[PDB]
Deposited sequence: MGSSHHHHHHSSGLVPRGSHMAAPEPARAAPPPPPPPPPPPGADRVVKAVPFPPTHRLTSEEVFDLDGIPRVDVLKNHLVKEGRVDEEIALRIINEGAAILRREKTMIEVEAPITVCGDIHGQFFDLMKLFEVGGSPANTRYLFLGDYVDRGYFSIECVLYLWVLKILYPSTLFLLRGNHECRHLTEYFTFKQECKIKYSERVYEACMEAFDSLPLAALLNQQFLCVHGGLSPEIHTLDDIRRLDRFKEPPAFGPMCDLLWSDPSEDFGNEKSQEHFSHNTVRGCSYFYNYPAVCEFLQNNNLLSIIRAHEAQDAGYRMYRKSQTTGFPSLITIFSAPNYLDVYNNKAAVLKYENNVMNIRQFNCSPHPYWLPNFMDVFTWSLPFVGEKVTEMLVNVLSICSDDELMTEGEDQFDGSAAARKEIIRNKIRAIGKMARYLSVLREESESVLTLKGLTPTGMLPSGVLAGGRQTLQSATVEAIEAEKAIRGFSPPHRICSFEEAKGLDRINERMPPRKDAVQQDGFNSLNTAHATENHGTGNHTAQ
């Protein structure tokens, strides 16, 4: 008999790179010492490759094991590269490491939000957790508001694991997410968190004593650390109020310039570095404090062209030799996925079913008791920010 025809014998668009057909095995990923081979992992993931599920669990669990050992408020010293939201943008994360430097000779701090929104979240998690395993004392990962059951069930990350891997991997990620530190004290002068301050958090000790190994609650200190924003009029306040209910997020608070000044002074801190909010320049330096002449607050945002529609730059913060330098970078191409990770059958079949049945009904109605969408369809900064306000909110119940 003949072999089957070579699979791309009739592929229509031949120039488009074809993904790997095999999952990476354990022998290919783990060396003699049970240590991961990070460059093998990267080259496979860039090609849209996938790994044996037992390897995904092994990576995620060893990562979790290491994180769990760590203080709720880790302490990290300069030099360091600080990064904000990633949001599943694996092909941009690649670019970020090219810009900030190899994790092998570069210290990193990530402020969270590794998943949701972009359709390469699980690859981000796998790749970042491998780096954590390889460089547990030079690469650091904090928890963002998206690292929790509530938001990943609502957004696409649960689906992503179920489609690409399995429920087991999703679960292992939720326990790894519970392990993540909430905050970092950097060079004994910056407090680094994903979201911001809390009316119930006045000293660093209030952070140090938090019990983080749980789903973030809907209110409270932990919730606030992950959820709060500076007020829209930060540093140029109408009301002298310190906190107000965060209308945008639907939970937690807005904090304003006085709230930050107080917290900075009561703790002998130069400034607060954080993420959580999209920026056209990929960063924002807020009003300087009179005392120091240094920005009281910094937003750092590391996902360029957010949601493929914002056309925003990204940035990382490089802190060396007493200089804070902001490295900006743009986006990079990434492969396409249908919304919610549906395959073209699940996507089209309904249309097929509707249109053939429609045709037959129209055909069969040619006699009328003388017997006695027309096309399938896929499911700048200020403009795309208002079309997305509903999605920067805490899902109800």
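Asker: Unmodelled stretches of the deposited sequence, numbered from 1?
Answerer: Model skips 1 to 34, 407 to 435, 443 to 497, 516 to 544 of the deposited chain.
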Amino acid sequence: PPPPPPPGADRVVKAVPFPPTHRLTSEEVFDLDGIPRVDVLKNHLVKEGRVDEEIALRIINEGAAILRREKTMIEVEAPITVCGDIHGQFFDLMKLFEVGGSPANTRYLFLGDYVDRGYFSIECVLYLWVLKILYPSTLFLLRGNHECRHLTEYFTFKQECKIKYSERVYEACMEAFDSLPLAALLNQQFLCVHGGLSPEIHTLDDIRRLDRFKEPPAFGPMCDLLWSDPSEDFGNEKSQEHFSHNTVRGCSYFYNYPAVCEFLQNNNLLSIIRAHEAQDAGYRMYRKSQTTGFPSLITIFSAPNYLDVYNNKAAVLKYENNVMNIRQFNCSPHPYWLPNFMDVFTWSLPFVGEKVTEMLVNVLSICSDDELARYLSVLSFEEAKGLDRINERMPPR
From here on, numbers count along this sequence of modelled residues.
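Asker: Per the PDB record, is the mean Cα temperature factor higher over 159 to 167 or over 279 to 287?
Answerer: The stretch with the larger mean CA B-factor is 159 to 167.
Asker: Averaged over C-alpha atoms, is the B-factor higher for 25 to 33 or for 60 to 68 in this PDB entry?
Answerer: Higher mean C-alpha B-factor: 25 to 33.
Asker: Could you tell me which one of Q328, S332, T357, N43 shows the highest CA temperature factor in the PDB record?
Answerer: Going by the entry's C-alpha B-factors, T357 comes out highest.
Asker: Return the residue from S102, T292, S271, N322 that has the highest Cα B-factor in the entry.
Answerer: Result of the comparison over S102, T292, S271, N322: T292.
Asker: Taking the entry's C-alpha B-factors for this chain, is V82 in the lowest, middle or highest third?
Answerer: CA B-factor rank for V82: lowest third.
Asker: Which third, lowest, middle or highest, does the CA B-factor of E237 fall in along this chain?
Answerer: Highest third.
Asker: According to the PDB entry, is the CA B factor of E175 in the bottom, middle or top third of its chain, that is, lowest, middle or highest?
Answerer: Middle third - that is where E175 ends up once the chain's C-alpha B-factors are sorted.
Asker: What third of its chain's C-alpha B-factors does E215 belong to: lowest, middle or highest?
Answerer: Answer is middle: the recorded C-alpha B-factor places it there.
Asker: In terms of the chain's CA B-factor thirds, is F254 lowest, middle or highest?
Answerer: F254: CA B-factor falls in the middle third of its chain.
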